[PDB]
S.K.: 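Just passing along the structure, written as structure tokens.
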Amino acid sequence: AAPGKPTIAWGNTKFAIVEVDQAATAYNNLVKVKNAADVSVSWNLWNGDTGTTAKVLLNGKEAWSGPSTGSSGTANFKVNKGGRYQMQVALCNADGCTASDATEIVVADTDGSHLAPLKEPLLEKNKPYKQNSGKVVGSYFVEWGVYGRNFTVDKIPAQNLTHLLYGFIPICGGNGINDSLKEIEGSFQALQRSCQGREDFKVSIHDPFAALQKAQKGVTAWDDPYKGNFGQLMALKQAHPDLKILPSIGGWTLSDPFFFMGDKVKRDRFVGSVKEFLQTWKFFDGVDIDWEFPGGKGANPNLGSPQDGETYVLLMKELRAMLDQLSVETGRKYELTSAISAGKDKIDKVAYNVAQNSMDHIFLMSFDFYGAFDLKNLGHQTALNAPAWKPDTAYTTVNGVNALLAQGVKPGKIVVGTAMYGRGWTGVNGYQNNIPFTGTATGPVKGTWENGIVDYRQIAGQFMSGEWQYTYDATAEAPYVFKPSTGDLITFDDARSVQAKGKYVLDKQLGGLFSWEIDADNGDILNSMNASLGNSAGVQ
Ligand SMILES: CC(=O)N[C@@H]1[C@@H](O)[C@H](O[C@@H]2O[C@H](CO)[C@@H](O[C@@H]3O[C@H](CO)[C@@H](O[C@@H]4O[C@H](CO)[C@@H](O[C@@H]5O[C@H](CO)[C@@H](O[C@@H]6O[C@H](CO)[C@@H](O[C@@H]7O[C@H](CO)[C@@H](O)[C@H](O)[C@H]7NC(C)=O)[C@H](O)[C@H]6NC(C)=O)[C@H](O)[C@H]5NC(C)=O)[C@H](O)[C@H]4NC(C)=O)[C@H](O)[C@H]3NC(C)=O)[C@H](O)[C@H]2NC(C)=O)[C@@H](CO)O[C@H]1O
């Protein structure tokens, strides 16, 4: 007779292809990429003949087989593809094979293949749009927003984006390499811990706890291998297979390393580390470079060189070459983007007409034109146009686009920036004709998280009532609120100014819109980005 039916032994059923060491703070130790997951299964036979061959089946296919030599056994084998498998043990002899009931096993991988889709309800004022315009609709999500701001990946209105950018992935380096981090409490230290035993100029993760280990919706079980932002973004990729999720390298405080990359030894180490990072974290779809900025005038007053232009173009060509190689190794399309200053003085430090040939999209940072960093020369921080009172205003969106176009950049490469925050001042005074932007200020407005900056959610929720004036400047295409008694003045984008930008994009055949930062919106901004670019209301 055929063998008795085996009983699969109770035991761990969760395994990983990319292992995460749960007691490691250094990135080098934290993640271990294997070719295949080591799986184990054991069984007992409570009734009958044990057969002469035991096999482990996944979905009916043999993953292991050996002699059946007693009433219990164990099998250790490798599984090289992520997913959920119905595993059975079968005992066979010449008279037949008898299979156990199936037990699911979970084989983890960083494409999110082991994960349920994370497909969460729209919150706040967000309404559903179809991505059918062909235009970019992007936004940044910040790794540290999961603490105070309490804004997690399950809160992103992901159906309403084409591009989700993760700020920010750091470049390893201590003294003289990331000095701009020292201005943020404990930040520089944290990077040194992550980067322990790791070369400088290779990428790492800045907060491995937030990125990989914090409990979050859908990844809360102790043995879920990937938690935090990365585990949720993997599950988001399962829900939104066409969303481009890009790691963004740099930003205001993590850009110092780029200034060293005129040394091709360092640039090549960087590029190679980016390749390794995308082979490790397969849910990411390319890389965004946010170097602030070639030529200097970024956070560090001691960096910047006339060579930075050339280094930027070389870097993009070499990133593109590495992504094209990754793309054909994998069958995937990988994207290369960059967030750039919109100031013409910074634009013309780079030959974007040359670098565009390597880049899918240019994220024009058409915001921060004005703010509490300059208490004397006030103006709209994210306007499309100059205002009536100063038609020669240098920093406007249109001027940054036109600088790019005047170099020879193709319009379709250019994605226009919209602000999900305001900047502002207090104590504004000495202004004429009821236009507060003609005065000067005494300090920063009281921000939501930091001085001088206010989430749009808070502008809409608190500063559109009581004593606050609200004015839409139709020349500049820009809203502002002003509290006369405290001279508090805030310049921000609203649904109407966003709709202007979006019509301007369609009229000038630009690439789309993107925003900073997704946590600060209540829905009104991203709704308008979508509507204004022609995306159909509704759900695919
Ligand atoms: C025309 C012209 O040329 N004009 C120029 C202006 O351009 C120029 O001003 C600059 O303009 C550029 C653009 O041209 C801006 O850059 C781009 O866009 C954004 C701006 O529009 C930039 O955004 C900024 O991004 C930086 C990131 O580098 C943000 O810094 C982050 O700040 C927060 C505080 O708010 C820090 O938050 C803390 O994070 C830690 C994590 O380690 C958390 O710690 C956790 O705490 C919990 C307890 O609650 C604890 O339990 C956990 O254990 C603990 N975690 C750990 C790991 O231990 C804290 O909780 C957390 N606190 C908060 C509040 O959340 C965060 O760490 C810090 N990040 C880093 C990595 O440093 C900054 O806030 C962003 N600003 C805005 C606008 O929001 C972006 O960099 C860049 N990219 C893109 C695509 O946008 C520049 O911002 C701008 N600079 C200035 C100075 O404004 C001016 C020059 O002044 O000049 C004109 O001429």
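Just follow the structure's listing: the first ligand is 1, and inside any ligand the first atom is 1. Residue indices begin at 1 and follow the sequence shown.
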S.K.: Can a salt bridge be assigned to the pair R457 and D524 using a cut-off of 4.0 Å between side-chain N and carboxylate O?
M.R.: no
S.K.: Do protein heavy atoms approach atom 58 (O) of ligand 1 to less than 4.0 Å?
M.R.: no
S.K.: Look at atom 24 (C) of ligand 1 and say which protein heavy atom is nearest, naming residue and atom and giving the distance to 0.1 Å.
M.R.: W516 CZ2, 3.7 Å
S.K.: Does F277 form a ring pair (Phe, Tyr, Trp, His ring centres under 6.0 Å) with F284? I'd like the steps, not just the answer.
M.R.: CA-CA 9 Å; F277 184 90; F284 279 124; 5.7 Å; yes
S.K.: Counting each atom of ligand 1 from 1 as listed, which ones have a heavy atom of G251 under 4.0 Å away?
M.R.: 81 (O)
S.K.: Identify, for atom 51 (O) of ligand 1, the protein heavy atom at the shortest distance, and state residue, atom and that distance.
M.R.: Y147 CD2, 4.2 Å
S.K.: Check whether any side-chain heavy atom of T397 sits under 4.5 Å from a side-chain heavy atom of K501, and report yes or no.
M.R.: yes
S.K.: Taking only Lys NZ, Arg NE, NH1 and NH2, and the carboxylate oxygens of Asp or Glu, determine whether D519 and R149 approach each other closer than 4.0 Å.
M.R.: yes
S.K.: Using a 4.0 Å heavy-atom cut-off, which part of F209 comes near ligand 1: side chain, backbone, both, or neither?
M.R.: neither
S.K.: Should you measure from each heavy atom of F367, which atoms of ligand 1 turn up under 4.0 Å away?
M.R.: 18 (O), 21 (O)
S.K.: For a ring-ring contact (aromatic ring centres under 6.0 Å, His included) with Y312, tell me which candidate from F293, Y352, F259 qualifies.
M.R.: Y352
S.K.: If you have a sec, work out which protein heavy atom is nearest atom 17 (C) of ligand 1 and how many Å separate them, to one decimal?
M.R.: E292 OE2, 2.8 Å
S.K.: Is the shortest side-chain N to carboxylate O distance from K297 to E292 below 4.0 Å?
M.R.: no
S.K.: Considering non-hydrogen atoms of the protein only, which is the closest contact for atom 41 (C) of ligand 1, and what is the distance?
M.R.: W144 CB, 3.7 Å
S.K.: Enumerate the atoms of ligand 1 whose separation from the nearest heavy atom of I184 is less than 4.0 angstrom.
M.R.: 68 (C), 70 (C), 72 (O)
S.K.: For residues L364 and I340, determine if any side-chain heavy atom of one lies less than 4.5 Å from a side-chain heavy atom of the other.
M.R.: yes
S.K.: Using a 4.0 Å heavy-atom threshold (strictly under), name the region of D290 that reaches ligand 1: side chain, backbone, both or neither.
M.R.: side chain
S.K.: Quick check on contacts: which atoms of ligand 1 are under 4.0 angstrom from a heavy atom of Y421?
M.R.: 20 (C), 21 (O), 78 (C)
S.K.: Could you tell me whether the side chain of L164 reaches within less than 4.5 Å of the side chain of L236, counting heavy atoms only?
M.R.: yes
S.K.: Of all the non-hydrogen atoms in the protein, which one sits nearest to atom 6 (C) of ligand 1, and at what distance?
M.R.: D368 O, 3.3 Å
S.K.: Check each atom of ligand 1 against the heavy atoms of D207 and keep those under 4.0 Å away; list them by number with element.
M.R.: 55 (N), 56 (C), 57 (C)
S.K.: Could you point out which residue of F367, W389, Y370 forms a ring-ring contact (aromatic ring centres under 6.0 Å, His included) with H380?
M.R.: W389
S.K.: Non-hydrogen atoms of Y370 versus ligand 1: any pair closer than 4.0 Å?
M.R.: no
S.K.: Could you find the nearest protein heavy atom to atom 2 (C) of ligand 1 and give me its residue, atom name and distance?
M.R.: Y395 CE1, 3.1 Å
S.K.: Should the pair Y140 and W516 be assigned to parallel (<30°), tilted (30 to 60°) or perpendicular (>60°) ring geometry?
M.R.: tilted
S.K.: Got a protein heavy atom sitting under 4.0 Å from atom 4 (N) of ligand 1?
M.R.: yes
S.K.: Do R496 and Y472 form a cation-pi contact, if we require the NZ or CZ to be under 6.0 Å from the six-membered ring centre and within 45 degrees of the ring's axis?
M.R.: yes
S.K.: Any carboxylate oxygen within less than 4.0 angstrom of a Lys/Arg side-chain nitrogen, looking at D360 and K413?
M.R.: no
S.K.: Provide the number and element of each atom of ligand 1 under 4.0 Å from a heavy atom of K346.
M.R.: 2 (C), 3 (O)
S.K.: Does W425 reach the side chain of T442, with side-chain heavy atoms less than 4.5 Å apart?
M.R.: no
S.K.: Does the distance from a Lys or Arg side-chain N to an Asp or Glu carboxylate O, for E276 and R198, drop under 4.0 Å?
M.R.: yes
S.K.: Got the closest protein heavy atom to atom 74 (O) of ligand 1, with its distance?
M.R.: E450 OE2, 2.6 Å
S.K.: Salt bridge or not between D179 and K182? Use side-chain N to carboxylate O under 4.0 Å.
M.R.: yes
S.K.: Judged by non-hydrogen atoms, does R423 sit under 4.0 Å from ligand 1?
M.R.: yes
S.K.: For ligand 1, which part of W252 has a heavy atom less than 4.0 Å away: the side chain, the backbone, both, or neither?
M.R.: both
S.K.: Just to confirm, does any protein heavy atom lie below 4.0 Å from atom 20 (C) of ligand 1?
M.R.: yes
S.K.: Quick one: does ligand 1 sit under 4.0 Å from the side chain of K297, the backbone, both or neither, non-hydrogen atoms only?
M.R.: neither
S.K.: Starting from atom 98 (C) of ligand 1, which protein heavy atom do you reach first, and at what distance in Å?
M.R.: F373 CE1, 3.6 Å
S.K.: N/O to N/O below 3.5 Å, does that happen between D345 and ligand 1?
M.R.: no
S.K.: Tell me which part of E517 gets within contact of ligand 1: side chain, backbone, both or neither, using heavy atoms under 4.0 Å.
M.R.: side chain
S.K.: Between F363 and ligand 1, find which residue part has any heavy-atom pair under 4.0 Å and reply side chain, backbone, both or neither.
M.R.: neither
S.K.: Does NZ or CZ of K214 come closer than 6.0 Å to the centre of the six-membered ring of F209, within 45° of the ring's axis?
M.R.: no
S.K.: Only heavy atoms of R149, strictly under 4.0 Å: list the atoms of ligand 1 that pass.
M.R.: 35 (O), 63 (C), 64 (C), 65 (O)
